[PDB]
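Visitor: Here is the sequence, then the experimental structure:
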Amino acid sequence: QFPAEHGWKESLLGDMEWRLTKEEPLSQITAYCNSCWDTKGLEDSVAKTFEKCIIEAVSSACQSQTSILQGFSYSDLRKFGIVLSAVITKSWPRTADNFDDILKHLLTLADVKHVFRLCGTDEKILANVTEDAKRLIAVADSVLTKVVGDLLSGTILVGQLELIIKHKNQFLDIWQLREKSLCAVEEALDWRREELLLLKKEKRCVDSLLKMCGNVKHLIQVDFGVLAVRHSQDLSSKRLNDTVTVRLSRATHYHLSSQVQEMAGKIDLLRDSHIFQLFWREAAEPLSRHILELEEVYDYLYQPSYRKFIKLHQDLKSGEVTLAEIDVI
Amino acid sequence: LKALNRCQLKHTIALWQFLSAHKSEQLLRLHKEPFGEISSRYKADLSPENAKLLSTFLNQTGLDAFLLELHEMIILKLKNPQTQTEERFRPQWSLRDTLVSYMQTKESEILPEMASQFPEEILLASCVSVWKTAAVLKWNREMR
Amino acid sequence: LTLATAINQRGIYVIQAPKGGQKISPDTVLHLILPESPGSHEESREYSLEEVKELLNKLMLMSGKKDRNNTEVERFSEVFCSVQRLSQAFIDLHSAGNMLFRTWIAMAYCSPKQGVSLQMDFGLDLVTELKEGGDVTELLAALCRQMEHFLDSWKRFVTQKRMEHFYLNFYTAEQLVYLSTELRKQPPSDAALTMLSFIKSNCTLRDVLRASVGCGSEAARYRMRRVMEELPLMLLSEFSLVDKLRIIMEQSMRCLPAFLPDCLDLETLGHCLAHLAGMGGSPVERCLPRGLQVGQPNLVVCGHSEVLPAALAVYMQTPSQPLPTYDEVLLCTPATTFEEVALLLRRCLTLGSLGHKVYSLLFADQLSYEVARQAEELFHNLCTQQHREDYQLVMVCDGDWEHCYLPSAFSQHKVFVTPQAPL
Amino acid sequence: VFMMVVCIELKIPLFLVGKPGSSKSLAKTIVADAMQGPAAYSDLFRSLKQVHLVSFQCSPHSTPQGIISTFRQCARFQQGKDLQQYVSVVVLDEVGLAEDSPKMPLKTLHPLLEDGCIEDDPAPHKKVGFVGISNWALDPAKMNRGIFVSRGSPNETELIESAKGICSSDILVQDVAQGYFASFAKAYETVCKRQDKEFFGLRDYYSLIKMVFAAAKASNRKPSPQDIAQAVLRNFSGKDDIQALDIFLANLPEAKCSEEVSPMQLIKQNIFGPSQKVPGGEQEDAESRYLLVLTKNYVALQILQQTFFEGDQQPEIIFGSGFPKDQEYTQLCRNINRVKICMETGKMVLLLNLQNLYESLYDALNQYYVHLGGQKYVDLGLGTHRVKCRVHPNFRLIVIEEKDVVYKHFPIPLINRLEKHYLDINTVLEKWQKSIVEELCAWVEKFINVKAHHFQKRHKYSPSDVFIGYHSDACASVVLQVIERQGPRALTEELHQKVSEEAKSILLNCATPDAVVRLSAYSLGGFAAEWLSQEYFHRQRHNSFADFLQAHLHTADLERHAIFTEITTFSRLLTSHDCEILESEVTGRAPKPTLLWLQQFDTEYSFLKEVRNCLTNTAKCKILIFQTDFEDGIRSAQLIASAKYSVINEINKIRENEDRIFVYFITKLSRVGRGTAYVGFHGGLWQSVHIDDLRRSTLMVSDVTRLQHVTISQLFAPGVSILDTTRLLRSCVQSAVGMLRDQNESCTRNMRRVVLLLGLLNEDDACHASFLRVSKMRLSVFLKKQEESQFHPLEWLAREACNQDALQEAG
């Protein structure tokens, strides 16, 4: 201890700081917790500067989404606790005050899965990690439990459904580890998957229907509006149960009448069909300023094309197609 | 050799007069410090009324001989820590009397305009600030 | 392309002062004389500058199927650029006011005719016609460099002689040419008498002779004879055409009447004007108005409709002395160049002036930015050398355009009282 | 087309006014080719008159004499021909661009449209047809009485109909790529036109539909995202206030799946063909609009050059003129002739010029071709000469321009005719590699002026005074150079460190050698300060230019043809004798490095001739040296930049061999200067290395780090020398006797003393050698006795280096 105003401490500490900030960040991190460089007294300048260099390395390496925790060999519990504290408080999103971003952070990143598995293996890991990271891990597990409860009930938003289904393995594994730390989840996941798939099938059928109608938009085609109104509503902000009834050991959205449901699939199977589109246009030619309700479509207006090309399909199957219609088509 | 080809042994005092200013002048055009050896006693700031009065003088007479002679005083008269006593060069004295006395001791032709119209409130304690203001204006007459 | 090849093989670029009365311009001082092919029967055509520019455009746009040995086009484009550079260097020198190039004729050969690549004739008896052989482009480059160097030297010389002889400030660089050519002549055109009538009112032939009896020094004639009998030795001393041209043109800068003897020299013209000035009469003596200080520029800022009436009052304090003229009063328009403002800022700030008059600028605000910048700078340069101490200078600017460069720059000397008088 | 045909056959003035891209010009081009009397493409046009077009492009500076000259040139052709089988028509492009100009041209139109003559005697061959196609509005009174037609903009139905017309070439791929992107493209194109000022694009919507239709002409069908996304993204991508992708996406949620291709791959897909490997069939109708790259501080050129154009396929740069000659007429003619050569031979053009050349290349950029023999011809115009030139299929044009100039000083039609893209050094760097740019900009601050709590006599430095040639985006340029040299590697933890370390080492190249030891001193014996000192002096050659050249020829990669290096110095430039010394050591692998001074040349063609004669030689490894004194100003930087591309173009031209070529640019700047500031670290094939003294001096030792272990006393002690003691004590005698003063003021022995000593301070005679030896020993003893009263006698080198005032006085 020289007179502490000239710089014997800061310069000599920055020297070893430069020495340490020269190897690979993961190598620095493993050196921090693989050996016994510090017997005790983690309060002096050397230990503090080593700790700050290591947490800075954590912040730099975790921002690159690298799997830091995988293949970690350790001897001292305190060093691993500090490492996990840094990893958790730096890995979280900068704006960690929202549902969607936090859920995405828990799902996508593998470091959270690794740290949760290490936390569930032993309790000394829980003892070592600081309380600042304790609050973060508590927020994470509480929001995960909330998501699980919402999914089991079926009231959870659609974007969240597709998020879990995208990473169903990660979500199921992380929930299993959390329950081990403190069944129906996979059954609920499968049921929500089926319900969302049915919702998407109905949705695809319906917008294909309006697109086929608007292929000749220069005509009487567009009447409904209300059928478009439910189309205009976003799906991500929508709730599963409000639109689609869940199954507990189906009625869709749009409250579509069973009359046009068969036409939906019929033209979904035939959306990319030049013949069908062509003579649909030619059937629309003689018709036309007309209010196009479902009933006047159903009774005569749609599927003269359908019945005509069932006749054409029988003709092609049997082989008596005249040498004029074949050219025209 | 290219620079001194057109010089004989009768301009040297004038030549040392010019170079010792010009080599300092460049230091002002790079926004660095012109004089790093002059003590801060002569590096005071002109008062706004003094600057307004000095602007008229700078716009009156040509800013070549004035700048050269002021640079001589700042480079070989105020450079030594011997004028700390008021006998040699009192910092509380004005600049007009100092300059007229200097050319009286320099046996050089003077412009009486500087002896006549120069404001007397310009003190020797604020001379570099004058010279900079005397050299800035010349700067904003060169690029044009 | 074949025409370009013919021009490259046999091409004559003539550079001369325009024949007739047309203004000097690149389109008028440059031709291309394509000569007769050996054994052919054409007319050895002449092409103007425009018909060579259009040929260059055609050549650039007819690249063709064999763009792999484009030498006959590169050589033509290089020689054309060199010759155009020479023509511009001559045009600007002619506009500067030189005497020696007024009858110059050049002959640039795109290929050595007989060992001669460049021919240079001045049209005067003393000067020997020069001819050099080699690469035309290098010779033209060095030649134009020499003319540009002497251009700056000659402009400096004209400035010096304007500073020395004051009255060579009443006339521009071309009016000086006109006067130095006409005054020595048998009775000059009445245009010259009118031009000189501003210095000496009602100037006549006998007044010109009486002013020219002794305008020249007796050492000047001895010097011109010395150079006249010395020049061939100096020409034989140097080998390269550029060195010989340097010698001839420097001697012209020294004792110009030795080469071409029917025109006055600059100093001789100044002495003649000064002698003619004395025969004029009593100099006018006018004093600056109240609130205006002699020896300092005075800036008057006032509305447009009052700019002209604010000038009469400046001259309305000696209402028995003759009204001013193109001297002492300048009107500034967006079309006034540097010469017309310099001829006032140097007519006011010059020692060799007899009398006391007030010099005024009207509508200075409307002066062009470059012209105003050069004007203020010239004034400062004149101040830093020698000057009349009581230079009476008045600037009048429309109040609306006070933000313009010149009033803003001179605002430090702006007066607070506006000259005015009853109707 | 119909209106121009009718009004040209009957010689009726026709004034066509509309928005840019209303295809008025397309109508003009097809009509001119088709009508051709008995040389028409069909029997319909064979019965109509042959037509010769004389096209004059109006401008705000259009003199009235120009229009009269155009009319008389048009009438000259019609003279001597039948007036019922031949006619010449004056086509005034942008006739509304010269409406209210002070030199009013359109006062000569009213007489000329009537009789064909202003005041001369009318002739039956003087009355000529007239058509005026202008993008700006027109007064319906300066026309004589001609049919004045204006269309405006297609509201909705015309847009859909034009979409179908473009997509009406297969009749089945249309249904794949219609229905949705035939009214929806309309609906968001109208929104894009509504939400923006300084109109952008009407040709940017037809081109969008063409890209969509060609994409739908893939294997079977792809009206899907990641392919519609690219087509919508090539709708103007340089506005920065109209989010083109979002506007289409905010109304269409079906295709909200995009990889977000950077504006770095949309340049490959615009230049290197539409398809990545081979388009369906042949590439005959894949004509993409010529590229216009908006950049800041002229960095797009460097970005591209480190990027795609890797050697042989490099385009030839078309620039202005930096040499103090080559007037506008003779340089624009030389810059259109080369564009024509590139069009003929199918070589890429990098148009670095400005609006000087986009008055002649106004129909080539329009891309309305005339077909003959299966080849495309488009007309170019020099002055009034307007003639068609061949375009090779492999012709791509790139314009590089500053964003502000395009936004404010580019005509709107020209902006429409070019496919816009914004490329900046911050839009090419990934997030991870952009952090080691800020890290570098902080490490520079920690490098130039070290933090010290013990020394108080400090001088604050600017980054330029230490890393000479340090502009704002210097760290970005260095990082981009390092990234391009590394390659497309996945982000390992080492790379975030290896790239940063390499960028540190490269950025250290342009640091003054005094600053390295200043760091080594102020940071007392620091580890980083010592590593950066070992690197600068013992691993990275900086002593002399001969050493640098010898180490650069012996370490450069063998798989590169031309190598470009930039050298900055505070010393004097190399002379003939210095290069003779260099050749005395480089003989065996390189010929004499020719020394060319850029400021001597007074014409671009002369410099090109000199460099060609230097290059058209028989040599394997050849060294070219270009030297420019940086006489500070905005006049020498332009000269350096103009000579920089003139060497690259000639390198690309003379390329048949694999001969290694070395190009060196030497800049002579001063430690303290005046005026502007040198901006190095240009980036690209250029690396900035600073050699303080370019000559292997015989006065002192070449490696100045040998002076860190020796005081001033050991230099004079004999018993292979760091310093030349004899020349040292012989070069101060003239000043060593200027402080002698004889006791009596009656002696002039001072002038004799120098003559005595300079004759005595030699080794020719034994007594003189003994005198030198004893004088050196006495001086050594004196300096040894004078060093006991000094702190740290050994490190006088660092003390001298810290003296900024003493550095400025020597250079």
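Guide: Thanks, I have it. Numbers count the residues shown, from 1 in each chain, chains lettered A, B, ... in the order given.
Visitor: any idea which helix is longest in chain B?
Guide: Taking DSSP state H as the criterion, chain B has its longest helix at helix B:12-29.
Visitor: Kindly spell out which helices and strands sit in contact with it.
Guide: Contacts defined by 3 or more C-beta pairs under 8 Å, 6 or more residues apart in numbering or on different chains; DSSP states H and E place helix B:12-29 against helix B:65-76, helix B:128-139. Bear in mind the C-beta positions are built from the backbone N, C-alpha and C, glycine included.
Visitor: Residue 19: neighbour count?
Guide: Because you didn't say which chain, this covers chain A. By the criterion of other C-beta atoms under 10 Å in any protein chain shown, residue A:19 has 12 neighbours.
Visitor: look at chain B instead
Guide: 11.
Visitor: In contact with it, which residues?
Guide: Residues near residue B:19 by C-beta atoms under 8 Å, 6 or more residues apart in numbering or on different chains: none.
Visitor: Spit out the contact partners of the spatially closest residue to residue D:387 that is not a sequence neighbour.
Guide: Using C-beta to C-beta, 6 or more residues apart in numbering or on different chains and skipping residues adjacent in sequence, the residue nearest residue D:387 is residue C:61, 5.0 Å away. Residue C:61 makes contact with D:336, D:337, D:340, D:380, D:382, D:385, D:387, D:389 under the criterion C-beta under 8 Å, 6+ apart.
Visitor: what are the phi and psi angles of the first one?
Guide: Right, residue D:336. In terms of degrees, to the nearest 10, the main-chain angles of residue D:336 are phi -100, psi -40.
Visitor: element containing residue D:441?
Guide: Using DSSP states H and E, residue D:441 sits in helix D:431-448.
Visitor: if you look at that helix, does any of it touch chain B?
Guide: No - interface with chain B: helix D:431-448 contributes nothing (C-beta under 8 Å from any C-beta of the partner chain), its closest point being 15.6 Å away.
Visitor: show me the contacts for residue A:129.
Guide: A:81, A:84, A:85, A:88, A:119, A:137.
Visitor: any idea how far chain C is from the residue lying closest to residue A:21 once chain neighbours are set aside?
Guide: Leaving out its chain neighbours, the residue that sits closest to residue A:21 by C-beta to C-beta, 6+ apart is residue A:53, at 6.0 Å. Separation of residue A:53 from chain C (C-beta to the nearest C-beta, to the nearest Å) stands at 60 Å.
Visitor: I'd guessed residue A:53 sits against residue A:17; true?
Guide: Yes - here residue A:53 reaches residue A:17: they are 6.1 Å apart, a contact under C-beta atoms under 8 Å.
Visitor: What is the subsequent helix or strand relative to the top helix by length along chain D?
Guide: Counting residues, the longest helix found in chain D (DSSP H) is helix D:766-785. Later in the chain than helix D:766-785, the nearest helix or strand by DSSP H and E is helix D:796-802.
Visitor: Please state the offset of the helix or strand following that following helix from the chain centre?
Guide: Heading C-terminal from helix D:796-802, the first helix or strand you meet, by DSSP H and E, is helix D:804-808. Helix D:804-808 sits 36 Å away from the centroid of its parent chain (C-alpha atoms, centre = their mean, to the nearest Å).
Visitor: is helix D:804-808 anywhere near chain B?
Guide: Yes - Helix D:804-808 comes into contact with chain B (C-beta under 8 Å from any C-beta), by way of residue D:805.
Visitor: Give me the buried positions along stretch C:145-163.
Guide: Applying a neighbour-count criterion of 16 or more other C-beta atoms under 10 Å in any protein chain shown, one finds C:146, C:147, C:150, C:154, C:158, C:161, C:162, C:163 buried in stretch C:145-163.
Visitor: Same check on stretch D:56-66?
Guide: D:56, D:57, D:58, D:62, D:64, D:66.
Visitor: how far does it stretch from start to finish?
Guide: End-to-end distance for stretch D:56-66, by C-alpha to C-alpha, to the nearest Å: 9 Å.
Visitor: How far does it sit from its chain's centre?
Guide: Averaging C-alpha coordinates over stretch D:56-66 and over its chain gives two centres that are 31 Å apart (C-alpha atoms, centre = their mean).
Visitor: again, but for stretch A:103-119
Guide: 15 Å.
Visitor: Can you name the element that comes right after the longest helix of chain B?
Guide: Next helix or strand after helix B:12-29 toward the C-terminus (DSSP H and E): helix B:48-60.
Visitor: That next one close to chain C?
Guide: Yes - part of helix B:48-60 sits near chain C under the criterion C-beta under 8 Å from any C-beta, namely B:55, B:56, B:59, B:60.
Visitor: What's the ChimeraX line that selects buried ones from those?
Guide: Selection of buried members from the residues of helix B:48-60 next to chain C for ChimeraX, criterion 16+ other C-beta under 10 Å:
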select /B:60
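Visitor: which among the residues of helix B:48-60 next to chain C gets closest to residue D:139?
Guide: Among these, residue B:59 lies closest to residue D:139 (C-beta to C-beta), at 52.7 Å.
Visitor: residues in contact with the residue of chain A found nearest chain B?
Guide: Residue nearest to chain B within chain A: residue A:5 (25.8 Å; C-beta to the nearest C-beta). Residue A:5 is in contact with residue D:453, counting by C-beta under 8 Å, 6+ apart.
Visitor: Show me what from chain B comes close to chain C.
Guide: Counting by C-beta under 8 Å from any C-beta, chain B sits next to chain C at B:55, B:56, B:59, B:60, B:62, B:64, B:141, B:144.
Visitor: quick check, nearest of those to residue C:401?
Guide: Set against residue C:401, the nearest of these by C-beta to C-beta is residue B:144 (19.6 Å).
Visitor: That closest one: what's its closest spatial neighbour, skipping adjacent residues?
Guide: In space, and not counting its chain neighbours, residue B:144 is closest to residue C:373: 5.3 Å by C-beta to C-beta, 6+ apart.
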